[PDB]
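A.B. asks: Would you be able to build a 3D model of this:
(chains A and B)
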Amino acid sequence: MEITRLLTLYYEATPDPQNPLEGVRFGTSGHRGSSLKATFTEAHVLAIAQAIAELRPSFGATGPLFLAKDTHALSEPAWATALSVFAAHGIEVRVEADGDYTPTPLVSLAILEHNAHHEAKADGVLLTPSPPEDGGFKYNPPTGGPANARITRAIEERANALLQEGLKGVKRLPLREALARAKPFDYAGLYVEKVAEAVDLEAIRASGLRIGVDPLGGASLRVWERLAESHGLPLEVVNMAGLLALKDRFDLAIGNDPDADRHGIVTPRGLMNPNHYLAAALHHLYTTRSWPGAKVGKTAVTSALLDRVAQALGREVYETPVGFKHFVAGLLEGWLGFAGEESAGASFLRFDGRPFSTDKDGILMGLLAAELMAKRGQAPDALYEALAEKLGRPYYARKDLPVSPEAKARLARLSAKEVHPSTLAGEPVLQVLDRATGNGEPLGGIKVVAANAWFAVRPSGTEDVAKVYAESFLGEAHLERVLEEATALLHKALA
Amino acid sequence: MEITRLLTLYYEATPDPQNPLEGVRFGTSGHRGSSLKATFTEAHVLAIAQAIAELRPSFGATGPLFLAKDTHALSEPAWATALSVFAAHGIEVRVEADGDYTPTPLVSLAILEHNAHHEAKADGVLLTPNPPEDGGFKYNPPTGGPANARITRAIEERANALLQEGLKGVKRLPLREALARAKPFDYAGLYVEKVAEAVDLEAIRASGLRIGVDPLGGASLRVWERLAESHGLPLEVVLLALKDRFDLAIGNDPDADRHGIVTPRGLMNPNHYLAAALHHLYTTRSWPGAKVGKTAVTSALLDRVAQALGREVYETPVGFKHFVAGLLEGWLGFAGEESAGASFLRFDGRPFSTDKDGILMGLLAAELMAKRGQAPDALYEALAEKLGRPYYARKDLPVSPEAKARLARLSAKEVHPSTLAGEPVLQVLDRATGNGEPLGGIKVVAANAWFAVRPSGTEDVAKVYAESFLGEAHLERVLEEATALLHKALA
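C.D. replies: Residues are numbered from 1 along each chain as shown, chains lettered A, B, ... in the order given. And now the structure:
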């Protein structure tokens, strides 16, 4: 009674109209929850899909809608629900042709290629929670990436409005009919073809390397197999990358999560720290691509090693608040060559300089590790080693400080002016920020920055706790010194 | 995998109003179907639950309704749907207190036990089907056992009427609300205490035997573990029970109304086990005037065994429902069926379970080996040597859609040979010798062999059952003449 109960609740459970916490909370990662908590039910999908069908035009999407779903249990029912209402709105929905699952970056690609050649722009709906065992509903506009706050805010309001009026305003069609309406689309077909213009597939097939790829039960199965059998890639499809280390008997092994927007890198030395791989990937990228006037994008809590890698390569960084959405415009327009988070997510531009995928691409990042080892005659983790030695070795850590429901609110109002220590673990504070250096947008929480270490602290949008991040290029002892002062300072301000 | 699809289709799919094959088909086994074929969907459950809610009064049930579900995926949502509807009608619904699943026999006991101490009689609803791909909805009246044809026919029409009118007449509650109104009931608890009134548990406890029990991922998991615990029974809970490191092993199907017996010699043929059980039962219980119940297709060894003990046989059409009344009123101490399903009376002549009880039969197999000092299969061997060894064959003959209709019109007149496999035909029947009700099909009886032919209710098939006490080669002659006779009559 776990999975069967899980799907029965999706349909049998409904959110409490009077409980703001069970309604549609469309954020940076779309709407997420679980039927076990009544936070992700048929009710939620009907409202969000209805809302998107109504606001779609205003968002500038008049063409087809690319529908996808990952391997999460609740995604199955969601896909059915969404498809059913959209089809009832006459919108041309495009569903997976080969298989039933479509990784997030493939939808991103399908939208981009479409709007680059058609007037009636397309958008996309991805039913994926990211990842334990909960549902997710994400929207990607004609930009082909995570929707911005204006669009999410508008979806959320309408969804809750419909929900609040009992859904009497939702139009639906029976699955059977909707399905007869849907138009099959070869997502992977398009992927295998175009990815060749972002990654040197040639250099990989002639590398003599033995690359392993574990779809980890995710949705990247079909695309990996087709990438291998369509470019003659030396990669074995053997069904982040949790426990892919099972067999370090490959020259390199790639892993992807359910919607494959994230990646894990394994080598004989083991599983790479996400931040460390980004560092290496970044160096390899800006060392082989010609991206005139293209900055390096990253979130405020992303490793500063990327910062040091960019400087060493005469490249400028564009720091933003957490949320891959802040990179979308930058990638879509070409001024961001590489964009990544510390959460094992990233993407970069094709050679051309044009965008490949505006959302996080776990597949592209996996292929790159292969290309990196190929062209450089050096493993990715060994590249990180060379980077750490020359530019500085980062020590990252993060902790959560439980906070009283009242202090949690005080944290929300906290700003740079209230957090101004002259020192950080023995170093002169160079900056205190409450806005992202790249776009100047507020970043929710503050960041204290020193020459070799920095720390940030932001409120948890779910539970009453403060999320503190800290990094240092001076060692574990120093890193603890930073966390202590961070914690300390943090409580003084929330007192 | 295909399982999330199976459950999603339970809700996203519905039966076509213009196609009778997808409507409610409440037979002897209740309603069975699959969402993958729009034959078992929320529409179906909503319609049946609503039908039963409106008809319970006329069926004589004005008390609690015992709800239960097995381990079939489609049983989960069906439980939710049924509970919601029943709750909306103010019906007091009893649900599984321990674990989430509950075996058919355990519901039967609860009804019987309740109706023997209250005036507002109780009934039950079990959500169970068959393969993992489908589910079912069964109803057990105040009798405690499978509903008869009258009730079943009433449920079917009302349910299809609702479906035809889009379910406009279906009222329900949100699961959560219905769930709050649900009264938890400890099924296994009542079973563990009362079973000691039907089988000699002390004998098993002291037997020194090592028994193995394989619930097979079914709903009987809890009751078994609790039986071993509350009685000191040498039962180890774990038909692939093919891992004979026990003196005796037991298997049960999902809803536990069927049993499978395993000994170092292998898996006992269902019919054979029934023979052994029947003998041990009548050479051990004192059931004054209690006849032996069996279906027209169940092995004749049972007839011989009953004859050897001076007991009358009461043969009926297929369908355990034909034994309910007899078990309920005491005139039949044992009721068995070739499909590995049986039940019997309590030591004192009172009903224990009026429906098939794979747990009872399983416990009985151990009591048998404990009290007799011989395995169930060694007993069957002795009965076969003394009264005659049976050879049973089953065979489905696919028939054109046209013959399927002629088959349904076939009677004793059309199938009347003078001899069967070189033996004089004693009687040709199209009625059951016990009650006298049509057995739907025909049966040809010789002194040492017989064969029956009946229409499958689900597909264009004529089912042929043949048995001979003369060996393999002779069985082959019985089948052949049988299929030959069948084709000719359906030409």
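A.B. asks: in the stretch 301-450 of chain A, what residue is nearest chain B?
C.D. replies: residue A:362 (22.4 Å; Cβ to the nearest Cβ). (Each C-beta comes from the backbone N, C-alpha and C, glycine too.)
A.B. asks: which ones are touching that residue?
C.D. replies: By Cβ atoms under 8 Å, 6 or more residues apart in numbering or on different chains, the contact set of residue A:362 is A:103, A:105, A:220, A:256, A:257, A:260, A:261, A:262, A:263, A:345.
A.B. asks: Mind checking which of those residues land in helices?
C.D. replies: If you go by DSSP state H, the contacts of residue A:362 have residue A:105 in helices.
A.B. asks: Same list, the contacts of residue A:362, but only the ones touching chain B.
C.D. replies: Applying Cβ under 8 Å from any Cβ of the partner chain, the subset of the contacts of residue A:362 adjacent to chain B is empty.
A.B. asks: Reformat the contacts of residue A:362 as JSON lines; add distance to residue A:164.
C.D. replies: Shown next, in JSON lines, are the contacts of residue A:362 (distance: Cβ to Cβ, whole Å):
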{"residue": "A:103", "distance to residue A:164": "34"}
{"residue": "A:105", "distance to residue A:164": "35"}
{"residue": "A:220", "distance to residue A:164": "38"}
{"residue": "A:256", "distance to residue A:164": "38"}
{"residue": "A:257", "distance to residue A:164": "34"}
{"residue": "A:260", "distance to residue A:164": "35"}
{"residue": "A:261", "distance to residue A:164": "32"}
{"residue": "A:262", "distance to residue A:164": "35"}
{"residue": "A:263", "distance to residue A:164": "40"}
{"residue": "A:345", "distance to residue A:164": "34"}
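A.B. asks: where does residue A:357 land in three-state SS?
C.D. replies: The three-state label given to residue A:357 by DSSP: H, G, I helix; E, B strand; the rest coil is coil.
A.B. asks: What residue spans form the domains of chain A?
C.D. replies: Split into domains by curated CATH domains, chain A comes to A:1-200, A:201-271, A:272-393, A:394-495.
A.B. asks: And the last one, end to end?
C.D. replies: Across its full length, domain A:394-495 reaches 31 Å end to end, with Cα to Cα, to the nearest Å as the criterion.
A.B. asks: How about the third one?
C.D. replies: Using Cα to Cα, the end-to-end distance of domain A:272-393 comes out at 15 Å.
A.B. asks: and if you look at the shortest one?
C.D. replies: Its first and final residues considered, domain A:201-271 spans 24 Å by Cα to Cα.
A.B. asks: near chain B, which residues of chain A?
C.D. replies: Taking Cβ under 8 Å from any Cβ as the contact definition, chain A meets chain B at A:1, A:3-5, A:7-8, A:11-14, A:42, A:73, A:76-77, A:80, A:84, A:174-176.
A.B. asks: Narrow those to just the buried residues.
C.D. replies: In the residues of chain A next to chain B, burial by neighbour count holds for A:3-5, A:7-8, A:11-14, A:42, A:73, A:76-77, A:80, A:84, A:175, counting by 16 or more other Cβ atoms under 10 Å in any protein chain shown.
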